[PDB]
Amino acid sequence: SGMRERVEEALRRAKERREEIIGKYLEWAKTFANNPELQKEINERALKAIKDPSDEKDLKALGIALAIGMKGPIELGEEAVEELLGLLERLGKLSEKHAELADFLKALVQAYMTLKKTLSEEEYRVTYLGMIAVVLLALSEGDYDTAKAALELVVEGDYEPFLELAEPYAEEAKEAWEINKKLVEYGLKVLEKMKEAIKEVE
């Protein structure tokens, strides 16, 4: 039970700034879905990151591409998710920086799956928005341990702090799910491209 003070403080500050954080997340996702030049940029920097993780901006692009791509496997169930986690494990064996990214993405997959199998559809989507608000605040400050901690809390079923954060943003949670639907094709393609690139540098 409970959570570390750094995680409590990230939740407190994200709730104070939740109109800003949730609004910026939704608008970035809308811009990405409607701007093909932004999609090409994320994809080419993600491919560079597979060959060389040293630049934080390239590794961020790899994380964004895989966080969008993972929605496919999550909606396909246990076999697809196990294959996706197997791919992340192979990615993590490449270097210590790749391992840090892969460990974060594995926790994000597990958080999604816990929510979907235990909550109603609307509570699932709203809790996810509150969780990602805290995660984005932590990552923007370079605090990767706090970001992963928030995901672990949801894996264990402690959804209530994150649902509570996003309750007044239920409409934005629905719109963020409408936007993911426009990205299904992008995600399937980029996942196949990353899988091929990882095989090449093994």
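Just count from 1 along the sequence shown to find any residue number.
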For 172-180 versus 27-35, entry-based mean Cα B-factors point to 172-180
Entry B factor averaged over C-alpha atoms, 53-61 against 163-171: higher for 53-61
Assert third(CA B-factor, residue 6) within chain per record equals middle
Among the modelled residues of its chain, the C-alpha B-factor of residue 189 falls in the third labelled highest
Sorting the chain's modelled residues by C-alpha B-factor and splitting them into thirds places residue 117 in the middle
Here the Cα B-factor of residue 42, set against its chain, lands in the third termed middle
Chain-relative C-alpha B factor for residue 102 (record values, thirds): the lowest
